[PDB]
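**Student:** Please read through the structure below; I'll follow up with questions.
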Amino acid sequence: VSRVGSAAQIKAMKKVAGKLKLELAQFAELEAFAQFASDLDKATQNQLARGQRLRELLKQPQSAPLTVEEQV
Amino acid sequence: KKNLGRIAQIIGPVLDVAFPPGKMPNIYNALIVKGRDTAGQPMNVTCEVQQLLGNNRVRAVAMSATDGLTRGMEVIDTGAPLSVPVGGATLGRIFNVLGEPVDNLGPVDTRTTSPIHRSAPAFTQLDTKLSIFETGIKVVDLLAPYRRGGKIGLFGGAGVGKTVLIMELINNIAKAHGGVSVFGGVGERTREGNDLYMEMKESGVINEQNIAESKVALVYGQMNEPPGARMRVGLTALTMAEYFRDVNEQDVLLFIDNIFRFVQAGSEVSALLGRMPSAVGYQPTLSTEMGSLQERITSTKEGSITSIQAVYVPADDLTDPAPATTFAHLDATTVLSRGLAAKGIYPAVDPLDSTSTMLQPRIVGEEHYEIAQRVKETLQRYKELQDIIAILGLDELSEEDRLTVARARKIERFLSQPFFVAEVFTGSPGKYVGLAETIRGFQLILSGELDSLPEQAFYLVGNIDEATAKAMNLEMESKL
Amino acid sequence: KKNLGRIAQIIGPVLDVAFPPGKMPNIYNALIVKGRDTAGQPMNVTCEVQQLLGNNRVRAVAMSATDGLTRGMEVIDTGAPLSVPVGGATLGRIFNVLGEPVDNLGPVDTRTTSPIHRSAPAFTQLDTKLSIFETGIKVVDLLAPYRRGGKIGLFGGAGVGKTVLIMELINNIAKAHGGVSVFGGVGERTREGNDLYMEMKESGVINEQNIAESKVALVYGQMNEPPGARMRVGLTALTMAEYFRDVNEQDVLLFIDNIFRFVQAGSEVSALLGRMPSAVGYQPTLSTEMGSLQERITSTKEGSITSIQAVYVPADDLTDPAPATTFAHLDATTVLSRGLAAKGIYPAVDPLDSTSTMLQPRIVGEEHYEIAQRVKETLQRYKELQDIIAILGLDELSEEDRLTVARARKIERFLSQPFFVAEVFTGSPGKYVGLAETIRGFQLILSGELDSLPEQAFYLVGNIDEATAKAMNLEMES
Amino acid sequence: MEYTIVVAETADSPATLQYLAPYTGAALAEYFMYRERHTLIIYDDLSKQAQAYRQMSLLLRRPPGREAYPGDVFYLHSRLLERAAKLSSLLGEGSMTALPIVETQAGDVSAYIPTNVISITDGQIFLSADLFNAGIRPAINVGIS
Amino acid sequence: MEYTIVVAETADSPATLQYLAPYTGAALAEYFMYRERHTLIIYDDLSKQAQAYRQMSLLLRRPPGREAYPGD
Amino acid sequence: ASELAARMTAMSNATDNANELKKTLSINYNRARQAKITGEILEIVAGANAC
Ligand SMILES: Nc1ncnc2c1ncn2[C@@H]1O[C@H](COP(=O)(O)OP(=O)(O)O)[C@@H](O)[C@H]1O
Ligand SMILES: Nc1ncnc2c1ncn2[C@@H]1O[C@H](COP(=O)(O)OP(=O)(O)O)[C@@H](O)[C@H]1O
Ligand SMILES: [Mg+2]
Ligand SMILES: [Mg+2]
């Protein structure tokens, strides 16, 4: 949780990552629910694809920081 | 100020003050200690009598920081409890525990004061009217409608959304509220106290050009305060909110954030007052303290106080005696879930545990009531099934149970709502939702006329017209 | 002309000793009670000042049995803390807590003595060199590599293998060690100290003749000892270790089994001192008593102590404060499991709960670090699947999750290893496994080139070649 | 009963005599150990000595720990069981095999009193209740012992 | 280290100095906060500040609370 | 009939694994239940003496 939110960001990050917190939180609900169905439709199967690409954005090696340019 | 005392002990926030043998302060009087600061100048530090101890000495809890005080300093007794300035001169102003103005403007006119300790109104004076007010929130207006003149709790652990919900009620209600609002900040963040002050100004409720044409009084007792101050912040704020009720005869909003910190600050000083601990490390006077404060907050025949107060639930444990004492005093408990906030469903109101005494067909009608039951029956049915769909899957369900699962997926998303105050968290603009728009929307999810839309169409929408128009964008971008 | 005390009180091993008003002993100074028995007069009741009480009275803790002490015996203040012989005279010798030889040999040369209460080395005098340290063990060399010159913990409850694993780290390392090893026995079986004293002599380490060329000093305060003695055993062994670091400037190994019993004894006498206990009945001074031992262990720019400690974990509860206060001091923690020891996998090391500072690619290498990750990613995924396969079984898992279950079921058995020390339990000979053998043995399971072999081929074999040769006999014998 | 001493306390007996009696029976067994004989001591419920010493020290108003047992609970049973030893030939080679008996509650080996004695004892013989109810007497769980 | 202060209290130190190490660091940070600079402060282990304060208050014989931590 | 008896075999093994699970969850609950009460009173009896 960040209790300041997108006020602690620049305008560029707020335009891009302004909804990324609640999209991954809602994806992680439906990825755990997608293991419970055998044959699932494409509008779920698209969002399971986009959600697993948004998780791969967020991984970093130690002490190799990304500049805010590289982050946007 | 004829009684002079001397400090006998300083252990933490608690003092022991010794007095002449015949003349002693009564309990809850305000002892003003003639302390001195780091320069040697005279500095007044106010304390409050808790108990007479015998051998002509009292035990007092300080309302300021006790570091710098000395055994042997003069303590005067004012002969009265903490008098706090009340009235129209306290509108748009920020106060201490002691009624002193914090907000770096002029002195407050103290011609009308009221002591912070008084009794609750009698049983004769209580009013009987059961009215509902509209909040703009879909879970609240459907499943826990708020009582006008009533006492409302917001329960939840740290980070589920009690503060963003109470800032949204201030946005929706206090602008169109007829009378005075009073915010009592009890034991919270000074950033969030400062954050609220700016919010009042941009909404025009502090009214910084013409002060006391405003409609709010702010009292702050934040986390950096000693526990003596935190016990009485609730009392000071309520002494202000009871003047506008009793004397000015008008309906009052009393927002308290946080009423747990009233209970916690008593727990920090109870063992130093000499009391054996009760269960869970709490003072043995937990329910009498909660009771003393809560009973005062009531609507009478002269005026009305609608208290909307957050209650912190430590470790998400609702069986803790500080939330468990609070539930009996309220007219609508809005329990906030961390399971729903970890999903990103905001406001994270657990609809199966959030309830109201106003959800009766004699009060809201039978159209609201029959759909508020069918929503709670659908979400209870889905709560029972999450175990066996985890083990055995969705394919083992009947087509009746796959249907009530699929609607409870869509109800739970549609209970979520973008807030005006949560635009820096949702990333999308907020929505005020009426009750008729709420009733119309849940009648469509339950009937089955919206079974074709995806489940993400109902996420963070205001209206049911916004859920379908979001579903048209999700069908177009599926092609793109 | 030392000041003379009288005993005022005897409460267990805690004595209150009345002194004249002009002269009081300082805190941590040793007191010698005159003592008396049926036959003779033993001055062997040494005390140690803990608290100054007032009314010209101290509170001391005894290092021996207080049976036979009378209120009103003469007490001699030594004027210094508890001193212990240190140097080459301590090599090959078993000591008391008091620095006194137990091994029925000649008296020690007490020309060089040293107090057991010393401040830690300064912040300036530390060294920051992060060398890896090889033990010959597959769980240890791969997934939690040990710090050459740093604190190391072995966590686990009763009967899981902390003592057998610590006897493997003596066996693989202390003979190959170029310096002196020091063993500290704190609250253990006196039988286990008898076996170690024979294992040292049979391995040629403590030679019977020419005992001053032995390179092991043993210090024992065991289970039978009073709780004031068992507080100060670890400080007696540590004082002797930090002589060789500071003055002889050698690399020292410091095995301490058990440092939980150091805490538990400091909890028992803290009840007798009248202190208000902390959580779970423990002493309030727990993090300071524990940190006073562990901050004297760290390596300096002269020498280097490597300490391997066994930390007993009560009731299999790593959230207990005495295991929990130990974790902050350690460079590598090797948590042993009971659920793995109930299966018979030995050493019963939990491969995911065992951690290390060292497992970083600038220290271990990039080939070692990318495979220690892939073992732990495999065993984490199989850890998450054991609620699905607990009820439904393996039959409902997908094609990928069954392949991760199949490889992680083979990783867990190749993590186990026969020990030299455990050849009297099982009869099978132990195997030293080098790290070059360990990295290539887990390269083969994760690349999948040994997926055709049975899972029991990987159980209790040294190399991956022995897993191949065992896989033949399970496939050959019909 | 031509080579056996029975040291008997009952449940009706006070807590100090139940705390005392294993030290009595061990000192009877040390009279023969140091006189070159071999000896076998059995303690039936070391579990019930631990609860009698717990009774004593909670009445003494001593601060307890896990399961309200005091801190001296490990040192209670390790004064007792470290007296069991095969002596050297310089003393005459007496021995004392100690077989303490510890009762568990539903097989809780992680309980405080079974886990203290397992850390003192050289081995353990798990008698399991699934085997005793199935008529597999003696109910010795071989794989865990 | 060109822009960093390190305040260090190791576990060999008494509990009063571990209790005061964050207040030693924060008074340094408030020196720069009030001279128009921006400051970052990391307290590596607040949980260990509370355990040092639990030790001090239990040897002062103050009445304890949950997990024997004092009320304050 | 082979499908419906493979399922009957699977639901037999699942309901007996869930029986073995429910037993050790009832034992591990009672350990945590009793340790909670013992730890709760020892905080209260410590506070009752400390005043
Ligand atoms: N209505 C909401 N919409 C979006 N996010 C929210 C909402 N309510 C709470 N949150 C998230 O929860 C965080 C903390 O909630 P807060 O109101 O501070 O609760 P508490 O007072 O219990 O800590 C907020 O910073 C925000 O990230
Ligand atoms: N590598 C091993 N192989 C076989 N058995 C082992 C091994 N390690 C430990 N054990 C068994 O565990 C028992 C107890 O181990 P021990 O080292 O006494 O545990 P702890 O140090 O926790 O008391 C040993 O007696 C032995 O039977
Ligand atoms: Mg809050
Ligand atoms: Mg052991």
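Chain labels follow the order of the structure tokens: the first chain is A, the next B, and so on; residue numbering restarts at 1 in every chain, and ligands are counted from 1 in their shown order.
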So that I can check the secondary structure, give me every residue of range 101-155 of chain B assigned strand (DSSP E or B) by backbone DSSP, as a compact mmCIF listing (two decimals) with N, CA and C atoms, in the first residue's frame.
**Tutor:**
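File written: selection_31.txt
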# COMPACT_ATOMS: atom_id res chain seq x y z
N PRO B 101 -5.96 27.13 19.82
CA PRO B 101 -5.87 27.08 18.36
C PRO B 101 -4.48 26.70 17.88
N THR B 113 -17.49 28.65 26.84
CA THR B 113 -16.77 27.39 26.99
C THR B 113 -17.70 26.33 27.55
N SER B 114 -17.30 25.07 27.39
CA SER B 114 -18.02 23.96 27.98
C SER B 114 -16.99 22.96 28.48
N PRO B 115 -17.19 22.35 29.64
CA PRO B 115 -16.23 21.34 30.11
C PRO B 115 -16.33 20.07 29.30
N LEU B 126 -34.26 10.98 24.26
CA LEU B 126 -33.86 10.32 23.02
C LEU B 126 -35.00 10.36 22.01
N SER B 131 -34.45 7.42 10.15
CA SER B 131 -34.34 7.99 8.82
C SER B 131 -33.04 7.53 8.19
N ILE B 132 -33.02 7.50 6.87
CA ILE B 132 -31.88 7.09 6.06
C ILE B 132 -31.30 8.32 5.37
N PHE B 133 -29.97 8.38 5.24
CA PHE B 133 -29.38 9.37 4.36
C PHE B 133 -28.50 8.71 3.32
N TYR B 146 -27.19 4.11 5.97
CA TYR B 146 -26.76 4.88 7.13
C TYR B 146 -27.93 5.66 7.72
N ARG B 147 -27.98 5.68 9.04
CA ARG B 147 -29.09 6.26 9.78
C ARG B 147 -28.84 7.74 9.99
N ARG B 148 -29.82 8.57 9.66
CA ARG B 148 -29.68 10.00 9.93
C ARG B 148 -29.92 10.26 11.40
N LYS B 151 -25.25 6.37 14.69
CA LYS B 151 -23.85 6.12 14.98
C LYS B 151 -23.32 5.02 14.08
N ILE B 152 -22.31 5.34 13.29
CA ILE B 152 -21.84 4.49 12.21
C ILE B 152 -20.39 4.12 12.47
N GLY B 153 -20.07 2.84 12.35
CA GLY B 153 -18.70 2.42 12.47
C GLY B 153 -18.09 2.05 11.14
N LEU B 154 -16.79 2.22 11.01
CA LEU B 154 -16.02 1.67 9.90
C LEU B 154 -14.93 0.81 10.52
N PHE B 155 -15.02 -0.49 10.33
CA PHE B 155 -14.12 -1.42 10.98
C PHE B 155 -13.14 -1.98 9.97
**Student:** Could you please select, counting only C-alpha atoms, the residues of chain B within 10 Å of chain A and state them as an NGL selection string?
**Tutor:** :B and (158-161 or 163-164 or 191-192 or 340-346 or 386 or 388-396 or 413 or 422-428 or 454-456 or 459-460 or 474-475 or 478)
**Student:** Kindly work out which residues sit at most 7 Å from ligand 4, using only C-alpha atoms and all ligand atoms, and give the list as a ChimeraX atom specification.
**Tutor:** /C:158-159,161-163 /D:119
**Student:** Hey, can you check how far CA of residue 209 in chain C sits from CA of residue 91 in chain C?
**Tutor:**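 Interatomic distance, CA of residue 209 in chain C to CA of residue 91 in chain C: 12.6 Å.
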**Student:** Wanna dump the chain C-ligand 2 contacts at 8 Å for me, each residue with its shortest atom pair and the distance in Å to one decimal, counting only C-alpha atoms and all ligand atoms, ordered by chain and number, as JSON lines?
**Tutor:**
{"residue": "C:156", "atom": "CA", "partner": "ligand 2", "partner_atom_place_in_ligand_line": "22 (O)", "distance": 6.1}
{"residue": "C:157", "atom": "CA", "partner": "ligand 2", "partner_atom_place_in_ligand_line": "22 (O)", "distance": 5.5}
{"residue": "C:158", "atom": "CA", "partner": "ligand 2", "partner_atom_place_in_ligand_line": "22 (O)", "distance": 4.2}
{"residue": "C:159", "atom": "CA", "partner": "ligand 2", "partner_atom_place_in_ligand_line": "19 (O)", "distance": 3.7}
{"residue": "C:160", "atom": "CA", "partner": "ligand 2", "partner_atom_place_in_ligand_line": "22 (O)", "distance": 4.2}
{"residue": "C:161", "atom": "CA", "partner": "ligand 2", "partner_atom_place_in_ligand_line": "19 (O)", "distance": 3.3}
{"residue": "C:162", "atom": "CA", "partner": "ligand 2", "partner_atom_place_in_ligand_line": "21 (O)", "distance": 3.4}
{"residue": "C:163", "atom": "CA", "partner": "ligand 2", "partner_atom_place_in_ligand_line": "17 (O)", "distance": 3.6}
{"residue": "C:164", "atom": "CA", "partner": "ligand 2", "partner_atom_place_in_ligand_line": "17 (O)", "distance": 3.9}
{"residue": "C:165", "atom": "CA", "partner": "ligand 2", "partner_atom_place_in_ligand_line": "8 (N)", "distance": 6.4}
{"residue": "C:166", "atom": "CA", "partner": "ligand 2", "partner_atom_place_in_ligand_line": "17 (O)", "distance": 7.9}
{"residue": "C:310", "atom": "CA", "partner": "ligand 2", "partner_atom_place_in_ligand_line": "21 (O)", "distance": 7.6}
{"residue": "C:312", "atom": "CA", "partner": "ligand 2", "partner_atom_place_in_ligand_line": "22 (O)", "distance": 7.0}
{"residue": "C:341", "atom": "CA", "partner": "ligand 2", "partner_atom_place_in_ligand_line": "12 (O)", "distance": 7.5}
{"residue": "C:344", "atom": "CA", "partner": "ligand 2", "partner_atom_place_in_ligand_line": "4 (C)", "distance": 7.2}
{"residue": "C:345", "atom": "CA", "partner": "ligand 2", "partner_atom_place_in_ligand_line": "3 (N)", "distance": 7.8}
{"residue": "C:346", "atom": "CA", "partner": "ligand 2", "partner_atom_place_in_ligand_line": "1 (N)", "distance": 4.5}
{"residue": "C:347", "atom": "CA", "partner": "ligand 2", "partner_atom_place_in_ligand_line": "1 (N)", "distance": 4.9}
{"residue": "C:348", "atom": "CA", "partner": "ligand 2", "partner_atom_place_in_ligand_line": "8 (N)", "distance": 7.3}
{"residue": "C:417", "atom": "CA", "partner": "ligand 2", "partner_atom_place_in_ligand_line": "1 (N)", "distance": 6.9}
{"residue": "C:418", "atom": "CA", "partner": "ligand 2", "partner_atom_place_in_ligand_line": "1 (N)", "distance": 5.8}
{"residue": "C:419", "atom": "CA", "partner": "ligand 2", "partner_atom_place_in_ligand_line": "1 (N)", "distance": 5.4}
{"residue": "C:421", "atom": "CA", "partner": "ligand 2", "partner_atom_place_in_ligand_line": "1 (N)", "distance": 7.5}
{"residue": "C:422", "atom": "CA", "partner": "ligand 2", "partner_atom_place_in_ligand_line": "3 (N)", "distance": 5.1}
{"residue": "C:423", "atom": "CA", "partner": "ligand 2", "partner_atom_place_in_ligand_line": "3 (N)", "distance": 7.9}
{"residue": "C:425", "atom": "CA", "partner": "ligand 2", "partner_atom_place_in_ligand_line": "4 (C)", "distance": 5.9}
{"residue": "C:426", "atom": "CA", "partner": "ligand 2", "partner_atom_place_in_ligand_line": "4 (C)", "distance": 6.3}
**Student:** Can you spit out the residues from that selection as a CSV table (one decimal), in the first residue's frame, using C-alpha atoms?
**Tutor:**
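Okay, this is what ended up in again_6.csv:
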chain,number,residue,atom,x,y,z
C,156,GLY,CA,16.4,-27.5,14.6
C,157,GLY,CA,14.5,-29.2,17.4
C,158,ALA,CA,15.4,-32.3,19.4
C,159,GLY,CA,16.5,-35.3,17.5
C,160,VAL,CA,16.8,-33.8,14.1
C,161,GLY,CA,20.6,-33.9,13.6
C,162,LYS,CA,22.3,-30.8,14.8
C,163,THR,CA,24.9,-32.8,16.7
C,164,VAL,CA,25.5,-35.3,13.8
C,165,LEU,CA,25.8,-32.4,11.3
C,166,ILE,CA,28.2,-30.5,13.5
C,310,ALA,CA,24.0,-25.5,17.0
C,312,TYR,CA,18.2,-25.7,19.7
C,341,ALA,CA,14.1,-36.3,9.3
C,344,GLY,CA,14.8,-40.4,6.8
C,345,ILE,CA,16.3,-37.8,4.5
C,346,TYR,CA,19.6,-36.8,6.1
C,347,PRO,CA,21.0,-34.2,6.7
C,348,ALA,CA,17.5,-33.0,7.3
C,417,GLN,CA,24.0,-37.4,1.8
C,418,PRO,CA,25.7,-40.2,3.8
C,419,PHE,CA,28.0,-38.9,6.5
C,421,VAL,CA,30.0,-39.7,11.3
C,422,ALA,CA,26.7,-41.6,10.5
C,423,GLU,CA,28.5,-44.8,9.5
C,425,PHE,CA,23.9,-45.8,12.4
C,426,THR,CA,23.4,-47.0,8.9
**Student:** Distance limit 9 Å, atoms considered: only C-alpha atoms. Which chain F residues sit that close to chain B? Return them as a PyMOL selection string.
**Tutor:** chain F and resi 40-41+43-45+47-51
**Student:** Please produce an output containing N, CA, C and O atoms for each residue in the selection, written as a compact mmCIF listing (two decimals), in the first residue's frame.
**Tutor:**
# COMPACT_ATOMS: atom_id res chain seq x y z
N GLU F 40 -1.95 -16.18 27.24
CA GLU F 40 -2.78 -15.02 27.55
C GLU F 40 -2.84 -14.78 29.05
O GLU F 40 -2.77 -13.63 29.49
N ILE F 41 -2.95 -15.85 29.84
CA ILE F 41 -3.06 -15.69 31.29
C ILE F 41 -1.72 -15.28 31.88
O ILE F 41 -1.66 -14.48 32.82
N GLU F 43 0.46 -13.37 30.59
CA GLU F 43 0.57 -11.92 30.48
C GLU F 43 -0.24 -11.22 31.55
O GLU F 43 0.13 -10.14 32.01
N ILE F 44 -1.38 -11.80 31.93
CA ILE F 44 -2.27 -11.15 32.89
C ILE F 44 -1.75 -11.33 34.31
O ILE F 44 -1.80 -10.40 35.12
N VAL F 45 -1.21 -12.51 34.62
CA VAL F 45 -0.68 -12.76 35.96
C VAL F 45 0.64 -12.00 36.15
O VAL F 45 1.00 -11.61 37.27
N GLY F 47 1.07 -8.97 34.80
CA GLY F 47 0.62 -7.61 35.05
C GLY F 47 -0.03 -7.46 36.41
O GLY F 47 0.00 -6.38 37.00
N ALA F 48 -0.62 -8.53 36.93
CA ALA F 48 -1.26 -8.49 38.24
C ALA F 48 -0.24 -8.44 39.36
O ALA F 48 -0.54 -7.97 40.47
N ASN F 49 0.98 -8.93 39.11
CA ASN F 49 2.03 -8.85 40.11
C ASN F 49 2.82 -7.56 39.99
O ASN F 49 3.36 -7.06 40.99
N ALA F 50 2.91 -7.00 38.78
CA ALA F 50 3.84 -5.91 38.52
C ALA F 50 3.35 -4.57 39.05
O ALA F 50 4.13 -3.61 39.09
N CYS F 51 2.09 -4.48 39.45
CA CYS F 51 1.53 -3.21 39.88
C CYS F 51 1.74 -3.01 41.38
O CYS F 51 1.12 -2.14 41.99
**Student:** Of the candidates B:58, B:52, B:297, B:286, which one gets nearest to residue 119 in chain B if we count only C-alpha atoms?
**Tutor:** B:297
**Student:** Go through chain E and collect every residue that DSSP, computed from the backbone, puts in alpha helix (DSSP H); the answer should be as a PyMOL selection string.
**Tutor:** chain E and resi 15-33+46-59
**Student:** When the cut-off is 12 Å and you count only C-alpha atoms and all ligand atoms, which residues lie near ligand 3, shown as JSON, numbers by chain?
**Tutor:** {"A": [3], "B": [154, 155, 156, 157, 158, 159, 160, 161, 162, 163, 164, 165, 166, 167, 185, 186, 187, 188, 189, 190, 191, 192, 193, 222, 223, 256, 257, 258, 259, 260, 261, 309, 310, 311, 312, 313, 314, 336]}
**Student:** Which is closest to chain C among A:12, A:70, A:52, A:61, if we use only C-alpha atoms?
**Tutor:** A:61
**Student:** Using only C-alpha atoms and a cut-off of 10 Å, which residues of chain D sit close to chain C? Please list them as a ChimeraX atom specification.
**Tutor:** /D:62-86,108-124,143-144
**Student:** Limited to N, CA and C atoms, could you put the picked residues into a file as a tab-separated table (two decimals), in the first residue's frame?
**Tutor:**
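Writing the result to selection_2.tsv gives the following:
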chain	number	residue	atom	x	y	z
D	62	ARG	N	6.86	-18.56	40.89
D	62	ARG	CA	8.02	-18.45	40.03
D	62	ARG	C	7.57	-18.25	38.59
D	63	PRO	N	8.26	-17.42	37.81
D	63	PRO	CA	7.77	-17.07	36.47
D	63	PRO	C	7.98	-18.21	35.48
D	64	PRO	N	6.90	-18.74	34.92
D	64	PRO	CA	7.02	-19.92	34.07
D	64	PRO	C	7.26	-19.57	32.62
D	65	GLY	N	7.39	-20.62	31.81
D	65	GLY	CA	7.54	-20.45	30.39
D	65	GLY	C	6.51	-21.19	29.56
D	66	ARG	N	7.00	-22.03	28.66
D	66	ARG	CA	6.13	-22.72	27.72
D	66	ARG	C	5.33	-23.80	28.43
D	67	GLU	N	4.01	-23.77	28.22
D	67	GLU	CA	3.02	-24.67	28.83
D	67	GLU	C	3.01	-24.55	30.35
D	68	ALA	N	3.41	-23.39	30.85
D	68	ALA	CA	3.57	-22.98	32.25
D	68	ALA	C	4.61	-23.79	33.01
D	69	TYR	N	5.46	-24.52	32.33
D	69	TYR	CA	6.59	-25.15	33.00
D	69	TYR	C	7.65	-24.10	33.27
D	70	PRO	N	8.39	-24.19	34.38
D	70	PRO	CA	9.43	-23.19	34.64
D	70	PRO	C	10.66	-23.43	33.79
D	71	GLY	N	11.64	-22.54	33.96
D	71	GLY	CA	12.89	-22.65	33.23
D	71	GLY	C	13.77	-23.79	33.69
D	72	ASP	N	13.66	-24.20	34.95
D	72	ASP	CA	14.45	-25.31	35.48
D	72	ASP	C	13.94	-26.68	35.09
D	73	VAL	N	13.05	-26.78	34.11
D	73	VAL	CA	12.48	-28.06	33.72
D	73	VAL	C	13.49	-28.90	32.93
D	74	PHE	N	14.32	-28.26	32.11
D	74	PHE	CA	15.38	-29.00	31.44
D	74	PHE	C	16.42	-29.49	32.43
D	75	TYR	N	16.85	-28.61	33.33
D	75	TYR	CA	17.82	-28.95	34.36
D	75	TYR	C	17.25	-29.90	35.40
D	76	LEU	N	15.93	-30.00	35.50
D	76	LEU	CA	15.28	-31.00	36.34
D	76	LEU	C	15.66	-32.40	35.87
D	77	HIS	N	15.44	-32.68	34.59
D	77	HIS	CA	15.62	-34.02	34.08
D	77	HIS	C	17.02	-34.28	33.58
D	78	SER	N	17.87	-33.25	33.53
D	78	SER	CA	19.23	-33.48	33.07
D	78	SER	C	20.21	-33.56	34.23
D	79	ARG	N	19.82	-33.11	35.42
D	79	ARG	CA	20.50	-33.58	36.62
D	79	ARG	C	20.30	-35.07	36.79
D	80	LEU	N	19.13	-35.56	36.44
D	80	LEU	CA	18.72	-36.93	36.71
D	80	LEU	C	19.33	-37.91	35.73
D	81	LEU	N	19.27	-37.60	34.44
D	81	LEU	CA	19.64	-38.55	33.40
D	81	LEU	C	21.10	-38.47	33.00
D	82	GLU	N	21.84	-37.44	33.42
D	82	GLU	CA	23.28	-37.46	33.21
D	82	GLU	C	24.00	-38.30	34.25
D	83	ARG	N	23.28	-38.78	35.26
D	83	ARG	CA	23.82	-39.72	36.23
D	83	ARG	C	23.85	-41.14	35.71
D	84	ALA	N	23.28	-41.38	34.54
D	84	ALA	CA	23.28	-42.68	33.89
D	84	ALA	C	24.46	-42.73	32.93
D	85	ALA	N	25.37	-43.66	33.15
D	85	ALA	CA	26.66	-43.64	32.47
D	85	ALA	C	27.32	-44.99	32.60
D	86	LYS	N	27.98	-45.43	31.53
D	86	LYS	CA	28.91	-46.54	31.62
D	86	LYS	C	30.24	-45.99	32.12
D	108	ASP	N	2.13	-35.74	20.40
D	108	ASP	CA	2.78	-34.45	20.23
D	108	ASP	C	4.22	-34.58	20.70
D	109	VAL	N	5.11	-34.95	19.79
D	109	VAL	CA	6.54	-34.98	20.03
D	109	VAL	C	7.11	-33.56	20.14
D	110	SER	N	6.45	-32.59	19.53
D	110	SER	CA	6.85	-31.19	19.64
D	110	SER	C	6.46	-30.57	20.98
D	111	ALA	N	5.81	-31.31	21.87
D	111	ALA	CA	5.47	-30.76	23.17
D	111	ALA	C	6.72	-30.58	24.01
D	112	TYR	N	6.62	-29.72	25.02
D	112	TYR	CA	7.80	-29.21	25.72
D	112	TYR	C	8.50	-30.29	26.53
D	113	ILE	N	7.74	-31.13	27.24
D	113	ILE	CA	8.32	-32.18	28.07
D	113	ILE	C	8.82	-33.37	27.25
D	114	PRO	N	8.16	-33.84	26.18
D	114	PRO	CA	8.84	-34.83	25.33
D	114	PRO	C	10.05	-34.29	24.60
D	115	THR	N	10.07	-33.02	24.22
D	115	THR	CA	11.19	-32.50	23.45
D	115	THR	C	12.39	-32.18	24.32
D	116	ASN	N	12.18	-31.94	25.62
D	116	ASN	CA	13.33	-31.77	26.50
D	116	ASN	C	14.02	-33.08	26.77
D	117	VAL	N	13.26	-34.15	26.98
D	117	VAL	CA	13.86	-35.43	27.30
D	117	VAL	C	14.50	-36.08	26.08
D	118	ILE	N	13.92	-35.91	24.88
D	118	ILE	CA	14.56	-36.37	23.64
D	118	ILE	C	15.92	-35.70	23.42
D	119	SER	N	16.08	-34.46	23.84
D	119	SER	CA	17.38	-33.82	23.72
D	119	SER	C	18.37	-34.24	24.80
D	120	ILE	N	17.95	-34.99	25.81
D	120	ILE	CA	18.84	-35.51	26.84
D	120	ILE	C	19.20	-36.96	26.57
D	121	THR	N	18.22	-37.71	26.09
D	121	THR	CA	18.26	-39.16	25.99
D	121	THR	C	19.06	-39.58	24.76
D	122	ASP	N	19.57	-40.82	24.77
D	122	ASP	CA	20.37	-41.27	23.64
D	122	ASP	C	19.52	-41.79	22.50
D	123	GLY	N	18.39	-42.41	22.80
D	123	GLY	CA	17.45	-42.78	21.78
D	123	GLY	C	16.06	-42.70	22.38
D	124	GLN	N	15.08	-43.06	21.57
D	124	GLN	CA	13.72	-43.17	22.06
D	124	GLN	C	13.01	-44.32	21.38
D	143	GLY	N	10.09	-47.63	12.74
D	143	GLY	CA	10.78	-46.73	11.83
D	143	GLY	C	11.16	-45.41	12.47
D	144	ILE	N	10.43	-45.00	13.51
D	144	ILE	CA	10.70	-43.71	14.14
D	144	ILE	C	11.56	-43.87	15.39
**Student:** Hey, list the chain C side of the contact with chain B: 10 Å cut-off, only C-alpha atoms, answer as an NGL selection string.
**Tutor:** :C and (387-388 or 391-392 or 396)
**Student:** With C-alpha atoms retained, export the selected residues as a JSON list (two decimals), in the first residue's frame.
**Tutor:**
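Contents of the output file selection_17.json:
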[["chain", "number", "residue", "atom", "x", "y", "z"],
["C", 387, "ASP", "CA", -2.17, -28.78, -0.81],
["C", 388, "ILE", "CA", -3.46, -29.89, -4.20],
["C", 391, "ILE", "CA", -6.13, -34.19, -1.14],
["C", 392, "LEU", "CA", -6.52, -35.02, -4.82],
["C", 396, "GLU", "CA", -5.08, -33.93, -11.21]]
